[PDB]
Every structure is written in structure tokens, then in C-alpha cells.
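>>> Need a 3D model of the following:
(chains A, B and C)
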Amino acid sequence: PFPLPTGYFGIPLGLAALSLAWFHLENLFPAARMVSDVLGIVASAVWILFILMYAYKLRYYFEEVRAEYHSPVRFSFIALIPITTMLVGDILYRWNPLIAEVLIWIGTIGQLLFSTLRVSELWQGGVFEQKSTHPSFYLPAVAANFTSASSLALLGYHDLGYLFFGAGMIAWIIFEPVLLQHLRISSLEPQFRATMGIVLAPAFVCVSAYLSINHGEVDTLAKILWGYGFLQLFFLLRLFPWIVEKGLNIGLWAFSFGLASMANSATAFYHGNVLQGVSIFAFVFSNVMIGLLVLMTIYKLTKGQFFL
Amino acid sequence: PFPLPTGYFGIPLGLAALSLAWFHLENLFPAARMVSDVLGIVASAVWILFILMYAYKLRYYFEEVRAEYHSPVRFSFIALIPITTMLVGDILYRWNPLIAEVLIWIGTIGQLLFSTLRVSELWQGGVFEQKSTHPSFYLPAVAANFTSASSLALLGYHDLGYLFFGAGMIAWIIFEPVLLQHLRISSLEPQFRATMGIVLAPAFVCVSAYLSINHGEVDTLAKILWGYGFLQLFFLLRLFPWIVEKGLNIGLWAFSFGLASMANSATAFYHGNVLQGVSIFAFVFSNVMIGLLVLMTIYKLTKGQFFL
Amino acid sequence: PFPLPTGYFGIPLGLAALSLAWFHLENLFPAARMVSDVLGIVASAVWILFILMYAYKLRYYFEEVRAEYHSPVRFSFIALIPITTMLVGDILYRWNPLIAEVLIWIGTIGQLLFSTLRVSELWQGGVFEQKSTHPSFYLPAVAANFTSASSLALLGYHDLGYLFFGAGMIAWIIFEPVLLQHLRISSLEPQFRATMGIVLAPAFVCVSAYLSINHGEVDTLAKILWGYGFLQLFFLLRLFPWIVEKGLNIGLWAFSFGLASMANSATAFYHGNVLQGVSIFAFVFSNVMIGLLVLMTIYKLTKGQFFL
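Numbering: from 1, shown residues only, chains lettered A, B, ... in the order given. For reference, the structure is listed below:
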């Protein structure tokens, strides 16, 4: 097998999302920019390492890449590569806007092409099964569109960002019903339980992208999106002992994207003088959870229980 | 078996919702305030009686309470208690704002905790079944959130009300698809057919809550919500002979929440000079239907076919 | 059987939608009004011919009409008659507003009654099956409501148009999840693959109706709707070789409604100076695709492969 699973890309993804969330606090806190820079540099280094390892996989492990691409469930994790690429471009935009725009466009085109080629292929039927409805399916159809929308908004293409954001939002609200019904009916295997944290992602990622596109204006839509996001957060907090029933694992980084988007939207709301206490609580909670994830990853690295 | 099914809480629930709907017509009609006061007092008395009966059930019938709480389908009716509590708090707000706030907060916390502890347990799987997808599932995930949002808006917490309203709205949008698909596929047993009236509830309850939070402004969202609510109302009117295939019963009070929310939104739309004729028709239809429900309940009480 | 399938009504439907889209370009081009008039006249003639054929069917083939009405899947195509009637009324509104209003009201009442009588009857269950979830179900529940909303907006009834538009939009959002899940799970049979083009319709029909009701003011909702519409357009472009695996057929006109609504929304967006390049591309693409459909229909007619 390949040492690095494609699902490990959630580490740089979450770190970059948290870096952007901290970047949004540049003015109110002098060390916020330093924290954002540190997080962004760490995320960029991790993303570079993972991209090189995935290139090695393509060159010498193309059979596994083909298997995961053709699988009805594992293909969704390949969408983490363009998402993390767009996030790294967003990070670099504070230093080199040209490289940032190049990376953002590369990631947007890559994720759009991947969704067109694979997510639409499922409509043919026969390969996708009722037990293939996993939370990871948000990554190609939902998370990628929101990330592309936010990145394009960062580049100034606000109308194209609106298009991508709407695509992601409607895909999210069109897929989540069947996903939740399947979770209610057919449970979820322990090895796939860590991916339940992706259920927290779309609700907060949508509001983060919307606030990025519309210059951080807190409309009724953003408040509604936090309503659902906090409902989901409470639901998953009550289920966390069941998610980690078999123990802590690197798969819990799936919560990282949701937590970082929650922190970003929390900064946006705090800037708007709306639900300031709730925003502070959400930001602190997301930061503490991501710090615990980082500590767990460090412990796994030291103990050697990280790579496969 | 306890003489009071947990589903009988829809009587005070609908009566209180209609009382608030009439309260909204205080200025336009001099006896509207008297009608609202009468409805609110009757609803409060019925709610107090039912709360005492349920406390008796807890003290001496805790086995049945546990069975209904752990059931994947019957648990949803326990959410009627916090909803009725919040509605009674809303009623009392016109007399004792402090008691109203206390009841509203108690109900909001209770329903949020119930949804977190039970609606999220279903995701574990193995207990919820495809045949457990019933209209009653709206009560914990949807109706409770809308009622909490409207109550908080009544207290002045408009942003928290927006959060709760969005949670309820997105929960409704996420659950209704599978519910309607199941209804199309697996029919519905006669004993559960009376609960089909809850399908009418979310569309009108959402617009009622939205108009409560945003100071009764008729936005495009309210018009859209009435569009879908009237579509569903026509759909259920065509199905009413099928719903009462085995005769009228106290289960028809499930329509009461939808009718009362329709009346409240009708008052809100009439105040805004938007579709005044349709608003008057909806208000009159809701009042007449709830009066018919009250007459049926009185007939059952006299005949002795009310308690189980 | 009867020579003309009820699904052939998509020809006048698509032609009329494209005629309205071109009519929206009256001022920009001198020949735009002439093109719109030609398209509208051809669509009206085809609709008159098909209505006469369907009247002949009712008088002398009522058994087939009853069979398609009672079928859980074939009934949806009967909604094409009121939809095309409303579109023809919209066309005639430029010449005889009174006849246009009469036709629009007749079509609105007919489609509303059909949905109430049949779409709601499916909730009884036992006749609708998991394999009856086809894209054609959009026609009675979604496309009809959007067309009625747009037609009513054309007549000046903007609030009633908003009601119908919201009904259609929420019906679309409530049905698409299970439809896409079924498509992913079970492959659509080749004879029903041509109807996959109806999946493209709702996303663009919704934005077209919204622009018609709100005076073509490009709002965030319109941009979101284009986002999802273009996502679905790419998805179906990837799938087109699979849709026509067994060859081209008159069933491909199902794409006509989606393409024409895309063209109409393209005119609306170009008017507002929002994504002008994308608007031009969408308009040209829709016009070229509908022209290809027209050429295919002409070739089928010449080769005697059009009627059954």
C-alpha cells in the first residue's frame, strides 16, 4: 500500500483554512498576522510534501490511484488536492498575488473537471451503491465549489465566485438529505466514522464563502447558515464518543475544515458586531479543537502510528 | 396504557398558535384581542392539565416514557412539550413578560437538548428504519426550531432567533425530500395517516417565524414560503378523504399547527398589503378548520372517545 | 398506438421558450424581434396541431390517455400541455393581450389542478415505485409552477407569480435529492435516458422565472441558480455520449426547455451587465443546441422516423 492516504490532505486543508481565519483578524490583534503566517507556512510546507508524495504515487503507484479514482466512495478524497491547492493559493495571495492566482485557477479548473468527469459519471448507475453514500461525497460536489468561490472572490471575480458558491450550496442541500437518511438507516462502519466530521463542514463552509464573496456582510443567509451549522455541531458533539468509539485517529482531521470555516465566519461576524459572544466562543472552540488535532497528529508521528 | 398520548399536546399547541395569530390582529378589530385572550387562556389551561398528566406519567408510567423516548418514530412527539411551553410563554408575554421569558428559555433549552440527544442518536443507525420516516419527525428537528426562533424574536433576541429559524428551515429542507419519497413509495398506515397534517406545518411555520423575526416584513422569501405552503395545502386537501379513510380522530389536530401558522402569516401579509384577498381567505379557512377540530374534540369528550 | 406521444409537446414548449428568450432581445438587435416572431409563430402552430391531435386521442384513444394519467411515471408528461399553453399565451401577449391572459389562466388552472389531483395522489403510495423516480417528474411539480409564475408576472400579477415561483422552487429542491440518488444507484434505461435533459431544466427555469417576476434585476439568487445550472450543464455534457448510447431520438427535446431558459436568463444577465461574456456564451450555446434539435427533427420527419 501507499504510505500516504489521499485523505491525509485534510491536514494542510484545515491548517490553511485556520490560517485564513486568523488572517481575517489582522487588525484587531497584532499577533494575529504572525499566527496566520505561521499557520499558512506550515500548511504550505505540508501541502508541498503531500503533493510530492502523491506525484510519487502517480509515477510508481498508479494502480492505487486508478482504483481510488474509479471507486464510488474513495474518489471523493481526490478532490482534497485541488481544494488544498486553492487554499494554499489563498495563503500565498498575501505574499505573491500572481502565484496565488495561478494556483487558485489551477485548483478551480482541476476540481471543476474532476466533478464533471467523476461526480456526473455516477449518474450512469451500477457502480454507486446505497452503502456508498458517505460524508466524504461533500468534498468533490460541495467543498470544492465553496473553496473555488471563496478563492475567486479573493481574486476580485465576485460574480464567478457567486456562481461557484451557488453551485456548491445547491449541491450541498441536494445531497445532504439522502446522506442523513442513509446515516439514520444503515449506520456507518467504524473506519468511516471519522469522516462524519465532514457533515459539519458544509454548513460553515457555505457561510464562510458567502461572507468572503459579499465582503463580509452579515445578511440573513449567514445567520441561517450558522443556525444549521451550530445544530450540526451540537449533533456531532453528542455523537463524538460514538465517532471515536474505536479510538483516536488521523481521520478526525475531517473536522478541521468545518472548524476552520467556523472560525473564519466567526471573525467575519465579530467584525459585523453581530452575535459577538457566540462568534468569540466559536472561534475559541475551533482553535482549541484544531490545536488538539495538531497535538494528536504530533503524538502519532512520534509513536509512528501516522503513516500506513 | 396512559390515558394521555403524547400526541395530544397538539391541542394546546394549535390553540396557542391561533391565539397568537389573533393577537396579531389587535388593532384592526376591537374584539380580536378578546378572542386572542380567550384562545390563549384555553390553551394555557389545557397545557397545564397535560403537563400535570405527563408529570404523573413520568412518576408512575416511566416505562412508557422510556419506550416512547427510545422509539425511532414515537420520540418525535415528546418535542410537542417544549413547543407548547414556548407557545404558552409567548401567550403569557402579553401579561407577565418575566414568566414568558422564563418559559420561552426553558422550552428552547429543552427542545435543543432533546434534538441534540435524540435526533442525533439516529445517525448511529440500526434503530431508525425506512418505515420510521414519518411526518411527526418534523416536530423535534423543524417545528421546535421555528417555535424557538419566533419566541426569541418576541423577546427581542432577533439574531438568536435568526439562528434558530435557519436551523429549522434547513432541517426542514433536508428532511422533507426523503419523507415525501417514502410517502410516495411505502404509503402510510391508517393509524399514522392523521399525522400527515404535519406535512402542512413546516411551510407555514417557517414563514410565520420569518415574519416574526424580521418585524413582519413581506420579503420574497415569505411569498415563496406561502407558495409552497399553499401547494402543500391543496395536496393535503385532495388527500383528506384518504387521511380520514377510517374516520375522524383526535389525531387530526396535527393540522392545527399548520392552520394556525397559516393564519398568523395571513395576518402578517394583510398588514403588509400583500395578497390581501388570499390572506383573508387563508385566515378564515384556518379559523374555520380549527373550529371544526374544536367541535370534533368536544364531541369526542362528550361521547367518551377522547382518552385512550 | 396513438401516433403522437405526449412527450412530443416539448417541441412547441422549447420553441416557445426560445421565442420568449429572443423577444427579450428586442431592442439590442433589429432582427431579434423578427426571430422571436418566427419562433413564436412556429411554436404556436405546432402547439395547435398537437392540441388537435391530443383532442383526437381523447375522443378516440381515451384508453391510452387513462393509462398514461394513472401511470406513476407517464402522468408527468401530461403537464407539458398546460406548460405549452402558458408559453403560447406568453407568445400571444405581444399581439393579443386578452387571448394571452385567457390562455395563461387556463394553463395555470389546468396545471395546478393536475398537480393537486395526481402529484398529491402519489402520497397514497403503492403505485409509485423506487424505479418510477424519473427526471420527467419535474414537469408537473416544478416546470409547471415556474411557467405559471413567469406567465403571471407577464400579466402583472407579481405576488401571485412569486407564490407560484416559490412553490416550484421548493418542489424542485425537495424532489431533486431523491432523483439524483436514484440515478446514482440505479441506471436509467436507454429509452428513458433522453429525459435526463429535464435535469438541466429546473436550475435555469427557476432563474428565468425569478428574473421575469422581479423585472430582470440580477440578484444573488439568480447568480446562485446559474451556478447550479452550469454545474448541471457540465455534468450532462459529460454524460451526453451515454444519453445517446442507443442513438439520437426526438426525446432529446427534453433539453430544449433547459436550453431556452438558459438563453432567457442569458439575455437577462447581459441586460444587467453581469457576466456578459458568460451570458453571450450561454445564449449562443442554447441557440445552437436548439437549432441542432430542430435539424434532427426535420431529418426524422423527412425519413419518416418521427411518428410512431
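>>> Number of residues surrounding the closest residue to chain C within the stretch 201-308 of chain A?
Going by C-beta to the nearest C-beta, chain C is nearest to residue A:214 of the stretch 201-308 of chain A, at 7.6 Å. C-betas here are computed from N, CA, C, even on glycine. Residue A:214 has 19 neighbouring residues, counting by other C-beta atoms under 10 Å in any protein chain shown.
>>> mind listing the helices for the stretch 201-308 of chain A?
A:201-213, A:220-243, A:254-271, A:276-303 (DSSP state H, counting those that start in this stretch).
>>> With adjacent residues omitted, what lies nearest to the residue of the stretch 201-308 of chain A closest to chain C?
Spatially, and ignoring its direct neighbours in sequence, residue A:214 is nearest to residue C:220 (7.6 Å; C-beta to C-beta, 6 or more residues apart in numbering or on different chains).
>>> show me the contacts for the residue lying closest to residue A:187 once chain neighbours are set aside.
Spatial nearest neighbour of residue A:187, chain neighbours left out: residue B:125 (2.5 Å); criterion: C-beta to C-beta, 6+ apart. In this structure, residue B:125 makes contact with A:183, A:184, A:185, A:186, A:187, A:188, judged by C-beta atoms under 8 Å, 6 or more residues apart in numbering or on different chains.
>>> close to chain B, is the strand or helix carrying residue A:151?
When elements are assigned from DSSP states H and E, residue A:151 belongs to helix A:144-155. No: Helix A:144-155 is not in contact with chain B by C-beta under 8 Å from any C-beta of the partner chain; minimum separation 15.5 Å.
>>> quick revisit: in ChimeraX, how would I select the buried members of the contacts of residue B:125?
To isolate the buried ones among the contacts of residue B:125 in ChimeraX, judged by 16 or more other C-beta atoms under 10 Å in any protein chain shown, type:
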select /A:183,184,185,187,188
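>>> I figured the residue nearest to residue A:214 was touching residue A:163, is that so?
No: with contact defined as C-beta atoms under 8 Å, residue C:220 does not reach residue A:163; the gap is 10.7 Å.
>>> The two - which one has more neighbours?
When neighbours are counted by other C-beta under 10 Å, residue C:220 and residue A:163 differ, and residue A:163 comes out ahead with 26 against 15.
>>> what residues are up against the more buried one?
Contacts of residue A:163 (C-beta under 8 Å, 6+ apart): A:149, C:223, C:224, C:226, C:227, C:230, C:275, C:278.
>>> Excluding sequence neighbours, find me the nearest residue to residue A:237.
Distances taken as C-beta to C-beta, 6+ apart put residue B:116 closest to residue A:237, at 7.7 Å, once the chain neighbours are dropped.
>>> Could you tell me which residues of the stretch 51-200 of chain A lie near chain C?
Proximity of the stretch 51-200 of chain A to chain C, by C-beta under 8 Å from any C-beta, involves residues A:112, A:115-117, A:119-126, A:128-130, A:133, A:145, A:159-160, A:162-171, A:173-178.
>>> same thing but at 6 Å, please
Applying C-beta under 6 Å from any C-beta of the partner chain, we find that the stretch 51-200 of chain A lies next to chain C at A:116, A:120, A:122-126, A:128, A:130, A:159, A:162-164, A:166-167, A:170, A:174, A:177-178.
>>> gap between the residue of the stretch 151-300 of chain A found nearest chain C and residue A:206?
Ranking the residues of the stretch 151-300 of chain A by distance to chain C (C-beta to the nearest C-beta) places residue A:166 first, at 2.6 Å. As judged by C-beta to C-beta, to the nearest Å, residue A:166 and residue A:206 stand 10 Å apart.
>>> Could you pull up phi and psi at the residue of the stretch 201-308 of chain A closest to chain C?
For residue A:214, the backbone dihedrals (degrees, to the nearest 10) come out as phi -90, psi 30.
>>> quick one: which of the residues of the stretch 51-200 of chain A next to chain C sit in helices?
Judged by DSSP state H, these include A:159, A:162, A:163, A:164, A:166, A:167, A:170, A:174, A:177, A:178 as members of helices.
>>> residues contacting the second one?
Residues in contact with residue A:162, defined by C-beta atoms under 6 Å, 6 or more residues apart in numbering or on different chains, are A:213, C:223.
>>> how does it look with 10 Å?
By C-beta atoms under 10 Å, 6 or more residues apart in numbering or on different chains, the contact set of residue A:162 is A:149, A:152-153, A:209-210, A:213-214, C:218, C:220-224, C:226-227, C:274-275.
>>> Among the ones in helices among the residues of the stretch 51-200 of chain A next to chain C, which one lies nearest to residue B:12?
Proximity of these to residue B:12 was ranked by C-beta to C-beta; the top entry is residue A:177 with 31.5 Å.
>>> tally of neighbours for that closest one?
Here the number of neighbours of residue A:177 (other C-beta under 10 Å) works out to 24.
>>> residues in contact with it?
Counting by C-beta under 10 Å, 6+ apart, residue A:177 makes contact with B:173-179, B:181, C:173-174, C:176-178, C:180-181.
>>> Which one of those is nearest to residue A:200?
Residue A:200 lies nearest to residue B:174 out of the contacts of residue A:177, by C-beta to C-beta, at 14.1 Å.
>>> In the stretch 1-150 of chain A, what residue lies closest to chain B?
Closest to chain B within the stretch 1-150 of chain A is residue A:135: 10.3 Å, counting by C-beta to the nearest C-beta.
>>> Please tell me I have it right and that residue contacts residue A:196.
Yes: counting by C-beta atoms under 10 Å, residue A:135 sits close enough to residue A:196 to count as a contact (5.7 Å).
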